[PDB]
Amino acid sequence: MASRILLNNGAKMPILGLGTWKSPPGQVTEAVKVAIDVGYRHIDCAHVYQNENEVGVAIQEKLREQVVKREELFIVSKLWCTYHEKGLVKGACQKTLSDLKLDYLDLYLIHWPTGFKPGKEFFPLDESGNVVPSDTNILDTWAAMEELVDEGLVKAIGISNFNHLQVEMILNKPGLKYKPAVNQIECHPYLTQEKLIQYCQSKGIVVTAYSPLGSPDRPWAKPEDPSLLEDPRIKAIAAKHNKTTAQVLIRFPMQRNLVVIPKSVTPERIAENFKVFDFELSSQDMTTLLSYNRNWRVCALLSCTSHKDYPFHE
């Protein structure tokens, strides 16, 4: 297992990163400092998580303390849906850069293929509760992303939550200048994503798996929901290898040539979750984990199911 994967912009991306969705602002600075001390070199961030300033304080202290050089870190953030307009993308990017205390991002993603009306609210609602869309299509948002590369604010651009037809629309864009480097999508044994991963990998797009532990802290968790970390069948594989269930769930995407971004704010789990370079799942174990697919999603963007660009009807 090499620690980095080559992207189609010629850069190398660490295959294990730290997620930050739902990491409280008062705990995420210490989470990111511990993560960099124990070897993480990739941090996954987003404006909509509301904690980039505190992530930035950690990154800046570890660079100032010379624990790591900026060239060895791989920092990812995401353009929120209310900034898909051409004239708002650069300012959105620069606000994230300012918050993270960086002069460039390694990777900037379109967070969802769905544009929303610009304004203060992240989810602008009509008087009945549906998201109010923006008319800007995703090909014009991609052109604005390409401008960030050419202005030196980001080294790579990519997409998140795009379905195969929407990846294909980018790939077929008239005048395309930069292909997406990454598609970040939900992926774990209950949502194995075979077809979309094979499409993206055949096009030289690297896939990042989010919610690899099934996001047990997601706000809308219902107790009858499936639970990966408590699945006896996955616990049995972990027991066979003398590893934790989280370690098997992190190693699983790594052996599919995916990047994976487990979140934790608990120092012991941050360190545990990184100790996955020392064991191998067999091909039989990988096929057995793939057989648990149920097409179950943590993140279904339920308020947007009528948006023209909603990704999950397909």
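Throughout, we count residues from 1 along the sequence that is shown.
Asks: Can you let me know which of the two, 259 to 267 or 22 to 30, has the higher average C-alpha B-factor in the entry?
Replies: The deposited B-factors put 22 to 30 ahead on the C-alpha mean.
Asks: Give the stretch, out of 148 to 156 and 231 to 239, with the larger mean C-alpha temperature factor in the deposited entry.
Replies: Between 231 to 239 and 148 to 156, it is 231 to 239 that shows the higher mean C-alpha B-factor.
Asks: Can you pull the Cα B-factors for 274, 49, 279, 252 from the entry and say which is highest?
Replies: Highest C-alpha B-factor among the listed options: 279.
Asks: Among 204, 113, 180, 214, where is the Cα temperature factor highest, going by the PDB entry?
Replies: Top of the list by C-alpha B-factor: 204.
Asks: Sorting by Cα B-factor within the chain, modelled residues only, which third would residue 44 end up in: lowest, middle or highest?
Replies: Lowest third - that is where residue 44 ends up once the chain's C-alpha B-factors are sorted.
Asks: Which third of the chain holds residue 172 when residues are ordered by C-alpha B factor: lowest, middle or highest?
Replies: Residue 172: CA B-factor falls in the highest third of its chain.
Asks: What third of the chain, by the recorded C-alpha B-factor, contains residue 200?
Replies: It belongs to the highest third of the chain when residues are ordered by C-alpha B-factor.
Asks: By the recorded C-alpha temperature factor, relative to the other modelled residues in its chain, which third is residue 98 in?
Replies: As the PDB entry reports it, the C-alpha B-factor of residue 98 lands in the highest third of its chain.
Asks: Classify residue 83 as lowest, middle or highest third according to the C-alpha B-factor given in the PDB entry, relative to its own chain.
Replies: Tercile = lowest for this residue's CA B-factor.
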